[PDB]
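In what follows, a single structure is set out as structure tokens and then discussed.
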Amino acid sequence: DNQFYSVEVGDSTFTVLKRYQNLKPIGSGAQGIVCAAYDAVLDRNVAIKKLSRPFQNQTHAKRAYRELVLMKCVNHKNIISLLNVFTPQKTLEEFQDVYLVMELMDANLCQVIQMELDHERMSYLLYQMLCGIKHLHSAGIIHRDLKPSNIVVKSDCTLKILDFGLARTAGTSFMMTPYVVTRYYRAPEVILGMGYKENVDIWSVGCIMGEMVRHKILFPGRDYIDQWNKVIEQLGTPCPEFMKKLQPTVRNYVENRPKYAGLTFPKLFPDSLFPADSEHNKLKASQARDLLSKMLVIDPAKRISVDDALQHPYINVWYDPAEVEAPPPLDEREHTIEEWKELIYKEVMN
Ligand SMILES: Cc1ccc(NC(=O)Nc2cnn(-c3cccc(C(=O)Nc4ccnc(C)c4)c3)c2)cc1
């Protein structure tokens, strides 16, 4: 008879294939509509995300479509891999929700950030983030919105990036919803609408790394006004060659803001935030601070590249020979609700 069954999880109704049993809300994190479940066909635990009416607006539609298309043609151990895609609805006209199935992880990166972590775990997580970012870049994907909530880890320290970031050759839109966008890991180029290269994501890694060390969000704020103030208070006002690459209007505001000297990296990340129990840890702390000082650089021309960050003494220890490639093996334009509903549906049907 029926291939699917419905279950009430939290507030939402999950209508899933009968193979997925004992659904449980993840909550943190999430929050997207995400459940843990047992997959009886694969005899393994999975995570199931529900996209409710993803074609309801262009923000939801572009993202849903882009991430459905990319989750198929992107293959890397540090990037989310899709196990299954389905809709409980029978026709295009009846089509409402999309379900995305992936391997169940144990935590998001925010939970790991709260922990006091050794240099082994810190550099391993960062090596993985850098590998995932390098793979995305090689496929012409520059993220620009990498944050700990969309990064997941397993107990064995393995890491996966969940999303593909900001829309390329676009272009943001209005949201009539009660949810807040996290902007604290965004690069100065993203804050000040500058134009960017691959190392735009290194800033995000720097923000995450710094927060793993400091246990506080490095650059907080209501919006980009407060946020940019947090950047300059700590790192100092950038040099004239950087400010020359700003739009006239943006350049005016940036230069007319009060000038700060900038705190040094030993002052920003004191010796006390790292273990001093051994000579190994003494060396690891100076190397960790050295990498942070190269990542948390306002000028992208003076900021470290992904490839150099991977070759850094703090990270380069995880470089594994005979690991490459992998052991197991359009369209940024304006569309209407109905046009997107069809694009997404045919992508769900493949
Ligand atoms: C295709 C797709 C599916 C889901 C997401 N979003 C997502 O958050 N996925 C995901 C995977 N794992 N986790 C996660 C995060 C935090 C905690 C837990 C957790 O509690 N996991 C367990 C629960 C019970 N047993 C075990 C062994 C782990 C899982 C989230 C994006 C794309």
Side-chain angles (χ1 to χ4, degrees), residues 7 9-17 19-52 54 59-88 97-115 117 121 125 128-129 132-133 135-136 141 143 145-166 179-182 185 208 212 328 344 347-350:
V7 130
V9 234
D11 201 75
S12 303
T13 308
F14 263 76
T15 299
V16 299
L17 287 153
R19 63 186 292 169
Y20 306 116
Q21 281 188 315
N22 196 38
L23 271 69
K24 267 168 174 73
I26 278 160
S28 287
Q31 213 128 352
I33 338 151
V34 191
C35 271
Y38 172 68
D39 178 349
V41 165
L42 293 177
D43 175 38
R44 72 191 265 206
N45 298 311
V46 298
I48 313 162
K49 178 176 201 178
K50 174 189 183 185
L51 307 178
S52 189
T59 309
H60 282 165
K62 263 189 183 175
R63 179 166 293 269
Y65 176 78
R66 173 167 195 274
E67 292 191 348
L68 202 51
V69 156
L70 296 179
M71 273 165 198
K72 291 187 186 184
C73 75
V74 176
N75 194 205
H76 194 272
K77 70 186 177 76
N78 297 117
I79 305 297
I80 191 284
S81 42
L82 211 60
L83 296 179
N84 204 2
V85 189
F86 69 89
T87 181
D97 320 304
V98 178
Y99 296 77
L100 304 183
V101 189
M102 86 169 274
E103 48 291 346
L104 181 66
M105 307 288 278
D106 299 308
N108 68 32
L109 195 55
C110 311
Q111 292 171 256
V112 185
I113 283 172
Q114 285 173 258
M115 288 170 60
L117 287 155
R121 284 158 176 82
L125 293 170
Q128 290 179 101
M129 272 180 257
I133 282 149
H135 193 265
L136 287 184
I141 305 140
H143 207 288
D145 204 16
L146 198 92
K147 64 195 102 176
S149 68
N150 312 317
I151 308 167
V152 285
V153 323
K154 246 184 164 188
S155 296
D156 62 1
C157 221
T158 63
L159 180 147
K160 292 177 202 290
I161 295 146
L162 293 182
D163 74 325
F164 299 91
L166 268 25
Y179 66 73
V180 282
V181 181
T182 303
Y185 309 88
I208 300 167
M212 284 173 174
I344 297 171
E347 203 61 44
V348 173
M349 300 304 118
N350 68 270

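All values below were derived from every heavy atom in this structure, side-chain atoms included, with hydrogens, water molecules and symmetry-related copies excluded. Here, residue 1 is the first one in the sequence, and each next residue gets the next number. Ligands are counted one by one from 1 in listed order, and the atoms in each one are counted from 1 as well.
- Tested against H143, the residues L136, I133, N150 include a single side chain to side chain contact (heavy atoms under 4.5 Å, CB included) partner, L136.
- The only member of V152, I80, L146 that meets side chain to side chain contact (heavy atoms under 4.5 Å, CB included) when paired with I161 is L146.
- Of the protein's non-hydrogen atoms, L162 CD1, 3.6 Å is the one closest to atom 7 (C) of ligand 1.
- With contacts defined as side-chain heavy-atom distances shorter than 4.5 Å, the pair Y99/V348 does not qualify.
- Proximity of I48 to ligand 1, defined as any heavy-atom pair under 4.0 Å, is not found for any part of the residue.
- Note: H76 and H135 have tilted aromatic rings, judged against thresholds of 30 and 60 degrees for the angle between ring planes.
- Two residues are said to be in side-chain contact when any heavy atoms from C-beta on lie closer than 4.5 Å; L125 and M212 meet this criterion.
- Nearest protein heavy-atom contact of atom 31 (C) of ligand 1 is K49 CD, 3.8 Å.
- For atom 9 (N) of ligand 1, the closest non-hydrogen atom on the protein side is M102 SD, 3.6 Å.
- Interatomic distance, OH of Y20 versus CG of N45, reported as 12.0 Å (0.5 Å rounding).
- Note that the OG1 atom of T59 and the CZ atom of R63 stand 9.5 Å from one another [nearest 0.5 Å].
- None of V69, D145, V74 except one satisfies the side chain to side chain contact (heavy atoms under 4.5 Å, CB included) rule with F164; the exception is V74.
- When heavy-atom distances to ligand 1 are checked against a 4.0 Å cut-off, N45 has no atom that comes that close, whether in backbone or side chain.
- Every atom of ligand 1 with a heavy atom of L100 under 4.0 Å away is listed here by number and element: 1 (C), 3 (C).
- For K154, there are no salt bridge (charged side-chain N to carboxylate O under 4.0 Å, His left out) partners at least two apart in sequence or on another chain.
- At least one heavy atom of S28 lies less than 4.0 angstrom from ligand 1.
- Residue contact check: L82 has heavy atoms under 4.0 Å from atoms 1 (C) of ligand 1.
- Those atoms of ligand 1 that come under 4.0 Å of a heavy atom in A30, given as number and element, are 8 (O).
- Protein heavy atom nearest atom 17 (C) of ligand 1, with residue, atom name and distance: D106 O, 3.4 Å.
- Heavy atoms of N108 found under 4.0 angstrom from ligand 1 belong exclusively to the backbone.
- Nearest to atom 23 (C) of ligand 1 by heavy atom, out of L104, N84, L68, is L104.
- Atom numbering of ligand 1 starts at 1 in the shown order; those under 4.0 Å from a heavy atom of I80 are 1 (C).
- At least one N or O atom of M105 sits closer than 3.5 Å to an N or O atom of ligand 1.
- To the nearest 0.5 Å, the span separating CD1 on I26 from CG on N108 amounts to 10.0 Å.
- Comparing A47, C35, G29 against atom 8 (O) of ligand 1, the shortest heavy-atom distance belongs to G29.
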